[PDB]
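J.: The structure under discussion is supplied below as structure tokens; questions concerning it will follow.
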Amino acid sequence: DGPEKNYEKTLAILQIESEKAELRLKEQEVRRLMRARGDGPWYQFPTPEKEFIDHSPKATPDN
Amino acid sequence: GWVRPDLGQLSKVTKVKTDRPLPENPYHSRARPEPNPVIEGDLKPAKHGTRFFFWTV
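Sequence lines, in order, name chains A and B. So the number in the working numbering is just where the residue sits in the first sequence, counting from 1, plus 51. So the number in the working numbering is just where the residue sits in the second sequence, counting from 1, plus 7.
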């Protein structure tokens with residue numbers, strides 16, 4: 052075919068793998084921040100359920 | 008003219024009124040912290056698939 056094919060295919064492969072590197076490191080820092088502080092969707096550890104509390108009138112006022 | 012209540016008349020709710028207001032925020036509850044926001048987006052394919060080690064797709 053020629054040299055242009057190899058050259059430009061190499062360029063494509065290079066941008067692909069560079070972007071992958073970028074995203075892997077980004078994922079590392081993202082997981083770090085999400086775990087150190089639960090601001091994000093991940094590492095949101097469970098809490099007690101709210102809907103199983105009874106809010107009705109009790110037997111004593113100062114419940 | 009005081010008539011004795013019958014069997015189950017003192018065992019039910021009775022709908023009082025008063026000049027008082029409602030208590031605003033009983034339990035002296037503090038403000039609730041705001042939940043973490045939801046990521047708004049129509050999700051797309053993963054960028055270059057799995058960034059695993061060397062798998063292409």
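Here a beta-carbon is modelled for each residue, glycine too, at the ideal position from N, C-alpha and C.
For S69 (chain A), which of helix, strand or coil comes out of DSSP?
T.: One-based indexing of the first sequence puts residue 69 (chain A) at position 18. In this structure, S69 (chain A) counts as helix in the three-state DSSP scheme.
J.: At 7 angstroms on the CB atoms, spell out the chain B contacts of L74 (chain A), in chain order.
T.: Within the first sequence, numbered from 1, the residue matching residue 74 (chain A) stands at position 23. Those are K54, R58, listed as they occur along chain B.
J.: If we require 3 or more residues per run, which beta strand (DSSP E) segments fall completely within the segment 53-110 of chain A?
T.: You should have found no qualifying run.
J.: If the criterion is Cβ atoms closer than 9 angstroms, does the pair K54 (chain B) and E68 (chain A) meet it?
T.: Here residue 54 (chain B) refers to the residue found at position 47 of the second sequence. Here residue 68 (chain A) refers to the residue found at position 17 of the first sequence. Not closer than 9 angstroms, so no.
J.: Suppose you measure from the CA of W62 (chain B) to the CA of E73 (chain A); what does that come to, to the nearest Å?
T.: On the second sequence, residue 62 (chain B) is found 55 positions in, with the first residue counted as 1. On the first sequence, residue 73 (chain A) is found 22 positions in, with the first residue counted as 1. Computed Cα separation, rounded: 17 angstroms.
J.: DSSP state of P33 (chain B), grouped into three classes?
T.: Mapped onto the second sequence, residue 33 (chain B) falls at position 26. In this structure, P33 (chain B) counts as helix in the three-state DSSP scheme.
J.: So is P97 (chain A) in contact with chain B if we call contact Cβ pairs under 9 angstroms?
T.: Residue numbering aside, residue 97 (chain A) sits at position 46 when the first sequence is read from its first letter. It does not; no Cβ of chain B falls within 9 angstroms.
J.: Using a Cβ cut-off of 8 angstroms, which residues of the segment 77-92 of chain A contact any Cβ in chain B, in chain order?
T.: Cβ contacts with chain B: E78, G89, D90, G91, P92.
J.: Specify whether the segment 56-63 of chain A and the segment 40-47 of chain B touch according to this definition: at least 3 beta carbon pairs, one from each stretch, less than 8 angstroms apart.
T.: With a cut-off of 8 angstroms, the segment 40-47 of chain B and the segment 56-63 of chain A do not count as touching, because too few Cβ pairs lie within range.
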